[PDB]
Structures are given as C-alpha cells and as structure tokens.
C-alpha cells in the first residue's frame, strides 16, 4: 500500500542531534514494511543501497536488513543506547525479555514519538543490558551475528537471481509426495559449523503475524531463523509475486509422525514414556499459543518438526487470531478435523471436500475446543502408528479406541487411550480441555481404575449431563449381590445406555465394569 511516507518525512525533519528519534522512525518504518504487501516499486525501495536509500541508512546504524526479527530488534537496541544520556535503574534478573518486546512493538504499531520517547529508550536500554550481561541472551546474539556474516554472499546471490530465472513453486496439500525442489532450498554446511543449514520459501505475501509471534514466549517452539527477507518469484500467471525467504537449520529428525513409526520396532515399555516426553511439548506449545490470543487450526503429527529430540513448528502460515472463525476462514486437514468443521463442507464420491454448504455462512468454530480435538487425534495417530504400519480405515470412528489396536496394552496405553476419547467428544463444550489434559499426563502411571477416578476429579461426569445414569450404574455395583441375581437388577440400566445417539464413553466403559460382575 506504500504507507511509510509520513514516517520518512518525520525522520528527515528530525534534528541531526536527536538520534533516538531517528532510530525510532527507522524501527517504526521497519515494523510497517513487515505488515505491507510489496509491489514492484516498493521492492526497489527497500533494496536501495545508494545514498538516500533504506539499506544505506540502516548500514549507518549497523542494522542488518536481512536479520531475524529478534536480532534486528537487538541491533536497534544496541544503536539506541549508544545515544542514551539518561541511564535507567538497571536490574537484569527482574526483567522479562518477551514483555519488553511486546511493549516496544505496541509503541511502534500505533504510538507517536512525543508520547513514548522516554519509555521507548528505556525499554531498548534494558534489551541491550541483557545482550551484554545475560549469558543466554549474549550467546544467542553472538551465534546469529556470526551466521549472518557467513551467509552474506548467499543472500546477495539469491537476491541477484535473474528476473527471468526465478523459481516457480506449484502448490499442493499433500505431504506424502515430499518437499518441492527449487534453487534456494538445498542443504549446505558452512565454515566450521556442524549442522547443515537450509533456506525455505514460505507461501505468503507479508509477515504481519510472524512479527507479532516472535515477541511471545510461544516462540520457543519455533525453528530458530537466522535471516528474513522478501524475494521476487514467478507464478503460473507469469506475474512477479513476492514471498519471504527464510534461513534456518535443517531439522535432523523429520517430524512427529515418522518418530511414532520408528517406535514400532523398538522396546514396547518405551512407547508411553516417550509419548509423554513429546506431548508435554505439544501441550505447552498449545497453551502458550492460546495465551497470545492465537490458535492453530492444522494440528497434526507431520506438521511438527523434531530436531535434537525437540518438537518444533515452522509452518505458521495457518495461525489465526480469531477464536471464533467461520469454517471458510481457517485452513485445516479433513482427516483430523472435528465434526463441527466437517459439517460445513460438501463431499463427492469416496468423500473428498469440494466446497462449502450453507452452514459455512454462519457456523463458527471454538478454536480452543477445536485444538483440543485435534490434539486428541494426534495422540490417537501416535498411539496407533507404534502398532500398525498404516492408519486403519476406522481411524475417525470414536467407538474404536487407540487401545483396541494393541495386542498387549499396558496400563499407560489404557490411560492415554482414555484421554483420546475425552478430548475427541462430539459436543465441543464437553471435550476435555488442553489444560485438564496437561494436569492428567503426569498421572498416566496410575492403575487404570485409580487413573479413571483422577479424571472424574479433574472433569466431573455431572458436567457431561450423564450424572443420572452414573449413579444408577453404581446403585447396582455398590450392592453386594452378584451373579445372575445382579443382572436382573442390572438390566433396566443396560436399556437406557442402548438408546444414546452417540455412545458416551464414560458410561459405555463403566457399564463394562458392571457386566463383569453379573457374568
């Protein structure tokens, strides 16, 4: 849209003496370019290295235009405290770096210089104090600066690709075919560095959501990016489109789906402990994402990279800030989608989505309950793949639990399979939340009856509407009359459970604990 003009005017009008004001307007412009879709002429402008150019003015402050969101912010912070004459009350171990980044960006997003100049310099001073005195922050800045220095010729070469030799990336939803090959995404090693690096081309026209996410703690689950810049590409149209090109390390253990398959051949006692180790990361990522008022509508195993045994996300294009979107406003995978989303689609022979129905015009998803369902289906896919070579055709059937594909199921598999059924109920308001799931993961070693009781304390069954049929099920089991004498008394309760429109798993499963005693 090319809106940076009045900020360029204010920068030029700013006195040469006031270099905090100069840097404020450079960081304000940079924050807006990340939100703006490029046209051809704005591409030349952000790539102008001559005097008067945007690149040349950033070199005067030693700010690298191709740096990650984090390193570019700390480079702004270093330039700003060079100009500070009013030293704040410094206390390093009483400061959240993510909170300072969020407060800085809110200023750059919509605040004038006259109303925030002091706090803006103060915030950047604190950021720079961690860069110098905090071992963790200093090492991050040192590693990214050094890699950025080594890949500098590759960035120049990529940017210098011929206007008639740009790659053309066809789009496709399947991940079963592989990653498309272009000139930019070949692995490579560098001077003395051991891990191979790779560039990727994200399928978007701006990085507005990406900019906001990197100031939140949820970004710990992002593949560390070392360089970000926008690049010219060619579509099937033959017109010049613009996509971000990002540098990072190559993830050395593929994704979570392949991790689950590898366990099929290993020791069985390791399955449930390792599912715990991986899903403690997925659960923490989900809650931390939800805290930013952002949501992930395409949660599935092969969408999470594994690297040095760490679960990480790199495909963030599907994230939304809308906690109640229409089905047409989010992108997801049908095989793992909740039923309230599948009811907004029209299907063909054999059942492929082809469009939306009239439900899509008004029906809205609850994203936290949406994510809870998909996290449950991810757990069901992980469990089943340690036993089968491919997913069974009844995979979406909730009456077929993950444990029903185990020949020798342990108590932990029994307990995890129960959590799958708790997260994937039809009614979104009756699904176990991700928070309750987090609380229960630590009790997976309990005996199944004891673990069942733990779920009842976390998520009381009176909140499913089934409180009447529950007490009517324990009326007969608490009585000490067993044998065929109980079945006659336990018959009228077996009737009410056979009329339920979808089987409620808590009742179905406790009626089994009644039929065991009658027989």
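Positions refer to the first chain, counted from 1.
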- prompt: Higher mean Cα B-factor in the deposited model: 180 to 188 or 213 to 221?
  reply: 180 to 188
- prompt: As stated in the PDB record, which stretch has the larger average Cα B-factor, 315 to 323 or 229 to 237?
  reply: 229 to 237
message: Checking the record values for 58, 450, 33, 476, which has the greatest CA B factor?
response: 476
- prompt: When you compare the CA B-factors of 86, 436, 424, 332 as listed in the entry, which one comes out on top?
  reply: 86
- request: Please rank the C-alpha B-factors of the chain's modelled residues and tell me whether residue 95 sits in the lowest, middle or highest third.
  value: highest
task: Rank-wise, by C-alpha B-factor, drop residue 23 into the lowest, middle or highest third of its chain.
output: lowest
message: Going by the CA temperature factor in the PDB record, which third of the chain does residue 284 belong to: lowest, middle or highest?
response: lowest
query: Should residue 114 be placed in the lowest, middle or highest third of its chain by the C-alpha B factor in the entry?
result: middle
statement: For residue 487, the third of its chain by CA B-factor is the highest
